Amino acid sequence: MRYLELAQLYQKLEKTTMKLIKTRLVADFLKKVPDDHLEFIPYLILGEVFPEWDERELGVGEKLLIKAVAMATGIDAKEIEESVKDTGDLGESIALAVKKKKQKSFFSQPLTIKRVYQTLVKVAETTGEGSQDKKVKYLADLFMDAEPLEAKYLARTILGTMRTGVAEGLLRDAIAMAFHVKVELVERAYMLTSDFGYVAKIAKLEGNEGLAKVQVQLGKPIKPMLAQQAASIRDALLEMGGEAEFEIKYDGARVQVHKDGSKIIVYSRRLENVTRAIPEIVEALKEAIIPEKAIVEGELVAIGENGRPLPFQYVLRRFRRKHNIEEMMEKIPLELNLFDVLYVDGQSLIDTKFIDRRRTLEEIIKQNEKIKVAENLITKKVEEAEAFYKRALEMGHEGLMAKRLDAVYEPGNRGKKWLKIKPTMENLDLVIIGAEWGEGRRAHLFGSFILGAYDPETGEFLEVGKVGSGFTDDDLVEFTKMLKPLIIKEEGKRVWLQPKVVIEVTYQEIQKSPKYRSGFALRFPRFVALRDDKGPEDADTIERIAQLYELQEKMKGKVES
């Protein structure tokens, strides 16, 4: 299949604002894709080369890209740069360079999707000595045969700036539509493997039966099972049927570990491969995990000099690797509190009752300085769990998790099989979808941020509030530098932003406002932290908010006596 057909799809996608039309376009295209392109085509359709959990990345910036295009077209980098000043878009200017290339090298050897994909992969894997020059050459080889339209999309694909309105929801729907399979099964398989390519392939070749048989695949992250919040230990035990597994709810960053022999991959909550950020934990895991193959997950916690937990922000700091891992391992010691096992030696435990998974976890983990098994208590006595809860809080943790003993693991689901019990309404993790410049001496900084809750089915982020409290001057400076590149529209003090930054905020109250489309509004939110271990698509949803609203109202309804 020619890359031109894919470029033509991108163009059609950009020419419609309609999700249903986009779904159709993508589905029709998926139907034409050769079977051996299915494993990667979904990502290319999203304008990405690899799944977010891959670790591989094209180490190509605007300059290197321009250099490759200049090399491929015979047009000076400066000229391409000067073109951007008139076009306002590098993609369009690259298309022009390629269009002009016709004068000196008129015939192209038509780009195939296969060649483009294989090239991008080679580029990403070229990190050796003179990786940069090699990447320029691979890309130049590609742009030499590109048609203008193709070049524009190849460029945006390389830069990660593709703007097709295709989100995971639409891609899921497109796969279901293209191969006449149940969207629920496409979703089930996606929650288990986080791999749209894998899911699409199976959908096409095996249909529903195949999708229903999909099991976790070692190395591919499983979307984490989430939890609803209960008002109290008592309420949690009641919901559980009178008995439950209780565990300390550790305040750190959730990670998922895949082990194959001595090979370890650790994924963060947003499924970023963060293995490289925590070498000491990886080493500890090779030792702590007994079975050759396993997938387990836990809460990675920063530990202070007094042995108590440090703020979870410290763990997220470790993930960003802004300082040398060497210094940070010293400055920010970590401990991983494992709380689930989803696979062991070729056997998926997703459909295994929790009690068996926990027993397996206890059996498979030889705890060490770094790797621990979450402390638990299985009880039917509210007072026992309450004592455990009190202790969890005195220990500096968040409270307790209560988990149904007979429940299977539900990838990506925020059900009631796992419940969180805390002393306060949990903070919301929302997407910054806009901001407003501050006033007076703060006019050069964003001083307020519009928060959006993610909508999976639609892919958009609906406004649920505006936070302008809790940020120190430095926070404002940092967020302004971080968000300026995301501006997509500006109007007075108001700026609209690409939905990419998730932040945690407290709120005085969740209000059910007829006002906004979301139906909700947060009363006086306050900044708590940057939650970059969560992608925009991992942010709290309207449903999550509605759930907290119900909890809030349930408690207000109980006020007095």
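So that there is no doubt, residue numbering starts at 1 and follows the sequence shown.
For the pair 193-201 and 164-172, the record assigns the higher mean C-alpha temperature factor to 164-172. The deposited model assigns a higher average Cα B-factor to 509-517 than to the other stretch when 509-517 and 522-530 are compared. Highest C-alpha temperature factor among 307, 148, 207, 298, as the PDB entry reports it: 307.
Within the selection 414, 152, 100, 220, the deposited Cα B-factor values reach their highest point at 100. Among the modelled residues of its chain, residue 377 has a C-alpha B-factor that falls in the lowest third according to the deposited record. Residue-level temperature factors show residue 52 in the middle third of its chain, judged at the C-alpha atom. Among the modelled residues of its chain, residue 463 has a C-alpha B-factor that falls in the middle third, as given in the PDB entry. For residue 29, the recorded CA B-factor ranks within the lowest third of the chain. Only modelled residues enter the ranking. The deposited CA B-factor of residue 314 belongs to the middle third of values across its chain.
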